[PDB]
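Single-structure report; data block below.
What follows draws every value from the coordinates through simple rules; no lab data is involved. Backbone-built Cβ (ideal geometry, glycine too); neighbour counts: all protein chains shown.
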Amino acid sequence: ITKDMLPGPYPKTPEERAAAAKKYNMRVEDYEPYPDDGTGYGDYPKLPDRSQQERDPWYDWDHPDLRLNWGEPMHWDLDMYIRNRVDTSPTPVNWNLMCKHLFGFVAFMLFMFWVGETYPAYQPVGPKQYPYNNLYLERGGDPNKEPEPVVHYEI
Amino acid sequence: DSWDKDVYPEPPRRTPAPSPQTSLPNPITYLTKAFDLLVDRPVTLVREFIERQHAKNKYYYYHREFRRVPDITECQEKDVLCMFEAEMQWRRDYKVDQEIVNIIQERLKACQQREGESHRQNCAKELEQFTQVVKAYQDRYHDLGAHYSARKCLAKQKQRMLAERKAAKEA
Amino acid sequence: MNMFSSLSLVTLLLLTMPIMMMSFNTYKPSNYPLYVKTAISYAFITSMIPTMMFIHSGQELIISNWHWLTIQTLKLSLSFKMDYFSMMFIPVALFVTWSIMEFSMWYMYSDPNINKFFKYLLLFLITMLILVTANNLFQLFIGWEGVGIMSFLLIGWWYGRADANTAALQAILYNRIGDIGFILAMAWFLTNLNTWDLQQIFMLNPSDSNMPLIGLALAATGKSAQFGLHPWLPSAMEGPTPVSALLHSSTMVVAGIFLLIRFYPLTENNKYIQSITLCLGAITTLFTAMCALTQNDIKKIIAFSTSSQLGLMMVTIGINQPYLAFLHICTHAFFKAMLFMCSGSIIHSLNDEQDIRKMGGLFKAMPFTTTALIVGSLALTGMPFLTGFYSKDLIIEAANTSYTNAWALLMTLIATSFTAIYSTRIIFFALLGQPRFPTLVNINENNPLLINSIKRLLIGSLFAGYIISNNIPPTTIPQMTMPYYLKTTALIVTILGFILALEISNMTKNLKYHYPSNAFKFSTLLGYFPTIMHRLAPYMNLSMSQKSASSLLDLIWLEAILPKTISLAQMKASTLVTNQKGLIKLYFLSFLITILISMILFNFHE
Amino acid sequence: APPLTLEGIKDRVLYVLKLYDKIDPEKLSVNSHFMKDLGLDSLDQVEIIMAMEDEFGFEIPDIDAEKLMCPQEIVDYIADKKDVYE
Amino acid sequence: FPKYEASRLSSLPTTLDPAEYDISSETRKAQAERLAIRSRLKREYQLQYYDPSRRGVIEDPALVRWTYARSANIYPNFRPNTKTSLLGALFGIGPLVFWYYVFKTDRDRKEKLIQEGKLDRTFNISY
Amino acid sequence: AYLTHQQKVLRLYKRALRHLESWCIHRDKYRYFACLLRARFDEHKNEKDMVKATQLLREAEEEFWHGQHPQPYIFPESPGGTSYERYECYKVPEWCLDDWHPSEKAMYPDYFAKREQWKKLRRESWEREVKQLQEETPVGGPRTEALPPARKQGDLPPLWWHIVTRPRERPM
Amino acid sequence: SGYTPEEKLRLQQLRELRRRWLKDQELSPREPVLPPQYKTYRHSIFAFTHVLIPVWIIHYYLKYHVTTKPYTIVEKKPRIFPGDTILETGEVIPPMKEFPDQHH
Ligand SMILES: CCCCCCCCCCCCO[C@@H]1O[C@H](CO)[C@@H](O[C@H]2O[C@H](CO)[C@@H](O)[C@H](O)[C@H]2O)[C@H](O)[C@H]1O
Ligand SMILES: CCCCCCCCCCCCO[C@@H]1O[C@H](CO)[C@@H](O[C@H]2O[C@H](CO)[C@@H](O)[C@H](O)[C@H]2O)[C@H](O)[C@H]1O
Ligand SMILES: CCCCCCCCCCCCO[C@@H]1O[C@H](CO)[C@@H](O[C@H]2O[C@H](CO)[C@@H](O)[C@H](O)[C@H]2O)[C@H](O)[C@H]1O
Ligand SMILES: CCCCCCCCCCCCO[C@@H]1O[C@H](CO)[C@@H](O[C@H]2O[C@H](CO)[C@@H](O)[C@H](O)[C@H]2O)[C@H](O)[C@H]1O
Ligand SMILES: CCCCCCCCCCCCO[C@@H]1O[C@H](CO)[C@@H](O[C@H]2O[C@H](CO)[C@@H](O)[C@H](O)[C@H]2O)[C@H](O)[C@H]1O
């Protein structure tokens, strides 16, 4: 395309806001640049931050997988909002409540595991006993030292 | 057979004799006989044929012997001609020492598998021999870096020898 | 040795021959699926001979045939460990794969790429057998990532579907996070033991094995889909049903548990690892079983059952019972693959309907599928003397008689009760009541491919557990003394789950509307973990990638501080030098200044 | 699945309407306009389309559904979506 | 009925948004001309998409603007100010200084232990 | 919003019925509660005050959101359903047949003879379709995405090729 | 609310074309025009070519290459139980000592 149709600097005047909106196939009322904070957006339109998953499935999109129409301005973050990536659709449960219940469940389970490690379950049984000085030789003990004798008795 | 039994030892094999305490036939026994007839026999004949061809063309190859040259200890500094030979020798001995540690590691791994659940006690000799050889290899070659050389190996040895002298001086 | 070693390699070589034929244009693609299925059946037969030799005398061996690479003092050879775990898993995996492949001939008949599908299934199997017989860690890694990639390719089978590609990439993402731990374990073993071989690792027996074992646990957390890295397994339901059956019984999901079993000589001495795995298993088994209580997709219910069963296996690892955990892998393969093939039979007959709310009244319409579903459900819930009972029951009574975390034990017991609840959900809503499916009835389970494949796994779900348990050598001390209430715990809580489940199910038929509770939504929406994590983490990472890494740094500040600043100064200096009036008077006046400062300031004349 | 036919689709569309108690089965034809002839309202029309979705097992989007006002239109819409040409 | 609390990643449903209802002739006018722009762009696309003799790619200026806006157009519109300099300093120098002290501190500890003989390296001969 | 008040109420009715059906499951229980729900809609059928009607619609939406099923039933081939876009990988555009090798085309001589007639019919109609669209479109482009029929004998409806020749719903 | 007459007419005309298009997708009787080109025996050549020939190759490979090198195939040594007779030497392994033969 020609240079007059490419993105430009932040629009300073209403005449430049009308040229930018026309360039991007938008209504001047709907056209809103990003704030002119020196971050490099220029006059590229600021579009609502919504996933493509949020668009009407039943409409005849020119790009059905992307749910875009040929010629419509694409969101700055279009590639992050494809249907394979970030979803922003409404949830049945409020976001803040969702976080509270997930975190609360996890924190409680972690707390209860610490308690269960403090008060372990076990059977009313004495230690298992092994012969030959507690299998000293079998477990790799040095054969050149006489081990501290371990004696197990009957009962 | 093919390899030296001394370099790669293997304890004597003790297979128990069959002592069937069941009237049933052993499926493995008849499978073994079928394997000998249908696999081992035809394979053996094909090999015996190939060995008849190799005996008609018998020729030899040799193991290269490397005469010893002076070490880097005997080289005057910046004397490249003597440094080169000592350096090449040191690199040959470095590769051989790597293979020595591999032989000792292969003994250790063979013992662990062979001894089964009794390996912790029946492989104590191989563990000890592996520990000693790895200690020696570490002293010679560890921490030299990618640009290792006989010169760097000597400096590492001298540093180690100096510390040993000082520790004795404490005694 | 000659027959044992020879036969245990033909099994692996036999499975690659269809791959070689396909890749080397020497096949009759008439019935390639039948060719692949036939080869698997023959591999199973040849794999039984080595297993029988192990059963007879415990004969095991290691084959290090091919020396691949020597890195200084680390020799790497292609090796195969033909031991207890290899000789019992392989025939089970082949037997289950034999049924899945025969089943898939009927189920994927209409697929234009069925030949490629059977090739991918065979590669999936070959990479799992590489994993299970690997003797060193590098060979294990080859199979570890091989099954991970085949999983990606099969889950995303229907690649025109955006959801299948998201689910496939999700599986890679979660398994790659787990693979960080695998790489960590390899690096620690190389550095501290100078080996990737399993024999040297066990001989040296490191005492401070916290770091290597934490890495191994992290790898198992991803592959076996334990809590934290769990959401990918239910999403893997995007794949064709034969993928789900094979990916859940053999191959992928069991590799994580198998890796910890292979390293039981280390874990059996490290208490701190046992506690971590126990708690990781207990939260997983409880959390996922809770999720299955309210799912309506039949594949997702069965998928969450696998997650809950894998969590149970991790608990078994956590109580120092690696051999019971292995037994559960083997028995689980039978009835879980059967359950997935039963759901596939229902889904196929109802025109790809997967919601249980649109099934019903299939008990009499699909008699053989019904029988297999009930047998598979009873085996899953530990019905006495079915295949499931011979692992699950011993695990529960070994867990309440151990020195163990009390919360983990209690959570594990509740999950056993939940197992009977979601199992009852499938039978009540799919088989019982009145039909809720569309009016054009097309039910038909009369294909011999469908019947025979399920029939073999049905015989397995009845007797396989009994056969295996009575043929495996003992390697522990089974703890057979305990109070009556610890002996029958699993049986009782299961029965209570069935009774409670039945009352809950029957109350759906009353004419009363009840607003959803908070706990109902928490279960239905999987604890909101996928809803939050799969939006928040991708958003933060993807926004940083563009805003900061790419825009702020690469396209601005790295340009600004070097090329843009340097070149701007040169331009300014050029205009100062060249912007002159061309006036003789000014140039010669500058000559006088130069001569003066040359003497007054710099003493160039001295 | 067993392939659909235009006569096959038409029969089932009429079959469902004959089981709707607000339509006289004797005054009903493929050309009967739901409002003008059969005297139904829009809330009724939503239920009719809902019943054809259940019948044939696929959803008709609301924008499409609101325009189907006679049984022939439903027959034509379904045959079009299922590639039925006879 | 607790009200819907919209988030960034959990948007507000239209059926609960007040702007959807209570429509004015001014809103219905905006929708009409929005639909006009879409209809005009659709006709321009269709006239090419349906052309029998066309073989190639229908060049889309909106796509070209997007890829250009997210590459070549960023520096011309960059301004060094308090926001960009603080962000550039934080995300550019910040992490590098952080990881330096992490690794330098860790490696200094390890070297100290190796000098004294307190670091276990019994079988460590691969590096 | 471009939906009339009628279209919003009718849409809310269908959506609430479907979610009600997901809660009820059993057909008899659904029929009982679908009639109670219909009675509620019929109770305000004749509300004339648009302001009161709109407020009723607002509350009904708020009630629907509170009581919706967290996991509603979706038809398998509907958006979000388990079979949605399952067959997109098998849909191949017709223009791919122009690249077939002649030895491939010789396998279907009858099919490609008909295909040529369709391509001939596309060329010979294109000019009239463009002209018809030009002469029926007000200055400043169309205001809607609707398209006209053909107005004459032999004229084809403008912009038909990709509707008529689109891939079959079950291509393979 | 239904279709407008223009809408209906356009749908009518597309429908004729679409159905004609779908009809033309049907294959003629001769198409495709291809160019020029019991269990026991079937199962026997599979066992021969996929089990016997491979095991022949593998046994040859293991017996004359892999096993001629040290430590390539390492077997766990057989378990020896009291009362066994060693085949290599004929040594008789002593029985275990007498139990208290207590039973219950
Ligand atoms: C058989 C299962 C075994 C494991 C059981 C584990 C139980 C775990 C329970 C964790 C509960 C955490 O979730 C907790 O719920 C309440 C109720 O919404 C939340 O509280 C929230 O709800 C209401 C408002 O709607 C208010 O009380 C409060 O303003 C709000 O914060 C808490 O912020 C949250 O922390
Ligand atoms: C290093 C490799 C060592 C082993 C080498 C052995 C090579 C012998 C290859 C023989 C043919 C292999 O390739 C293929 O085999 C199968 C089984 O016979 C044949 O397949 C045939 O039988 C199968 C099942 O019985 C049918 O599904 C198939 O319809 C039929 O064509 C193929 O027609 C043949 O092309
Ligand atoms: C290890 C495997 C253990 C498997 C255990 C299997 C289930 C064990 C029995 C569970 C309870 C049996 O069910 C018990 O008796 C009858 C069914 O016969 C039920 O009776 C029910 O019948 C009808 C069904 O037509 C219901 O609509 C009604 O609400 C209820 O009365 C009881 O509500 C229940 O208390
Ligand atoms: C970091 C170690 C080495 C760094 C050495 C870097 C030295 C500079 C190398 C590039 C020299 C290019 O010199 C010049 O740079 C500027 C931008 O940088 C380019 O100019 C371009 O960008 C500038 C400003 O961004 C615009 O005003 C101009 O419209 C555009 O054409 C010129 O086309 C090029 O001629
Ligand atoms: C570490 C040592 C590195 C040594 C690198 C070698 C230095 C080479 C210096 C090249 C100097 C000329 O580079 C010059 O840069 C300026 C950047 O403002 C460019 O100028 C460009 O940007 C400026 C403002 O941004 C505009 O006014 C101008 O219209 C535009 O062309 C010039 O087109 C280019 O000629």
Enumerate by residue number the trypsin sites (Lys or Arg not before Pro) in the range C:311-390 meeting two conditions: DSSP loop (anything except H, G, I, E, B), and at most 16 other Cβ atoms within 10 Å of the site's Cβ.
C:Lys364
Net dipole in debye of chain C [+1 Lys, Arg Cβ; -1 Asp, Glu Cβ; about Cα centre; nearest 20]
1060
So for the range B:1-143, taking the charge dipole from beta-carbon charges (+1 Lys/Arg, -1 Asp/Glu), which of B:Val46, B:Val80, B:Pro9 sits furthest toward the positive end?
B:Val46
If one builds a Gaussian network model of chain E from Cα atoms under 10 Å apart, the most fluctuating residue listed among E:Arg65, E:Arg55, E:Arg109 is E:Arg109
Spatially proximal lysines relative to C:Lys581 (Cα-Cα < 18 Å; intrachain offsets below 8 disregarded):
C:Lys572
Take the alpha-carbon centre of the range A:1-71, take the same for the range C:567-593, and report the distance between them in whole Å.
48
For a quick check of your reading of the filter: which chymotrypsin sites (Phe, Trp or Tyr not before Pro) in the range F:72-172 sit in a DSSP loop and have no more than 15 other Cβ atoms within 10 Å?
F:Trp100
So the number of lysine pairs in the range C:289-406 with alpha-carbon atoms under 19 angstrom apart, 8 or more residues apart or on different chains, is 5
Is it possible to state the helix-based mean residue ellipticity at 222 nm for chain B, with each DSSP H run of 4+ residues giving -39500 (n - 2.57), the sum divided by total residues, to the nearest 500 deg cm²/dmol? What is it?
-20500 deg cm²/dmol
Do any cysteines in the protein assembly as shown lack another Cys Cβ under 4.7 Å, and if so which?
A:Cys99, B:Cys153, C:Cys279, C:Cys291, C:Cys330, C:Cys342, D:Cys70, F:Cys24, F:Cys35, F:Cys89, F:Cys96
Any idea which of G:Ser44, G:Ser28, G:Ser1 is furthest toward the positive side of the dipole for the range G:1-67, if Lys and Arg beta-carbons carry +1 and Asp and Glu beta-carbons -1?
G:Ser44
At what distance in angstrom do the alpha carbon centres of the range C:179-203 and the range C:513-553 lie from each other?
36
Sorted from largest to smallest, which semi-axis lengths in Å does the alpha carbon gyration tensor of the range G:1-82 give for its equivalent ellipsoid, taking the root of 5 times each eigenvalue?
72, 25, 14
For the range F:1-145, what does the relative contact order come out to in percent, with C-alpha contacts under 8 Å and a separation of six or more?
19
Which trypsin sites (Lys or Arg not before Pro) in the range B:1-50 sit in a loop by DSSP (not H, G, I, E or B) and have at most 13 other Cβ atoms within 10 Å of their own Cβ?
B:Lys5, B:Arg13
Rank E:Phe78, E:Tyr21, E:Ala62 by how far each Cα sits towards the positive end of the charge dipole of the range E:10-105 (+1 on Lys, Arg Cβ; -1 on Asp, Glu Cβ) and give me just the farthest.
E:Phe78
Once you list every other residue whose beta carbon is under 9 Å from the beta carbon of F:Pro157, what net charge do they have if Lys and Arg are +1 and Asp and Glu are -1?
-1
So for the range B:1-131, what are the equivalent ellipsoid semi-axes in whole Å, largest first, each being the square root of 5 times an eigenvalue of the Cα gyration tensor?
48, 27, 9
Set A:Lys128/C:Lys271; B:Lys95/B:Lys135; B:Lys135/G:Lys76 screened for pairs whose C-alpha atoms are more than 19 Å apart:
B:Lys135/G:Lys76
Amide H neighbours of C:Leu76 under 5 Å, at least 5 residues apart or on other chains, H built in the peptide plane: list them.
C:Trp68, C:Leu69, C:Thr70, C:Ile71
Would you list, by chain and number, the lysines whose Cα falls below 22 Å from the Cα of C:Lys119, excluding same-chain residues fewer than 8 positions away?
C:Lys28, C:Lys37
Hand me the tally of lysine pairs in chain E: alpha carbons under 23 angstrom apart, and the pair either on different chains or 8 or more positions apart.
4
Determine Rg/Rh for the protein assembly as shown; Rg is computed over alpha-carbon atoms and Rh is the Kirkwood hydrodynamic estimate from the same atoms.
1.02
Between exposed chymotrypsin sites (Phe, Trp or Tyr not before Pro) in chain C, where DSSP calls loop and at most 14 other Cβ atoms lie within 10 Å, what's the longest gap?
C:160-384
With charges set only on the Cβ (+1 for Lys and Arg, -1 for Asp and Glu), what does the dipole of the protein assembly as shown come to about its Cα centre, in debye to the nearest 20?
1580
As a check on your grasp of the helix formula, calculate [θ] at 222 nm for chain C: sum -39500 (n - 2.57) over DSSP H runs of n ≥ 4, divide by the residue count, round to the nearest 500.
-22500 deg cm²/dmol
Can you return the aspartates and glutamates within cross-link range of B:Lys58? Criterion is Cα-Cα under 18 Å, with same-chain partners fewer than 8 residues away left out.
B:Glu48
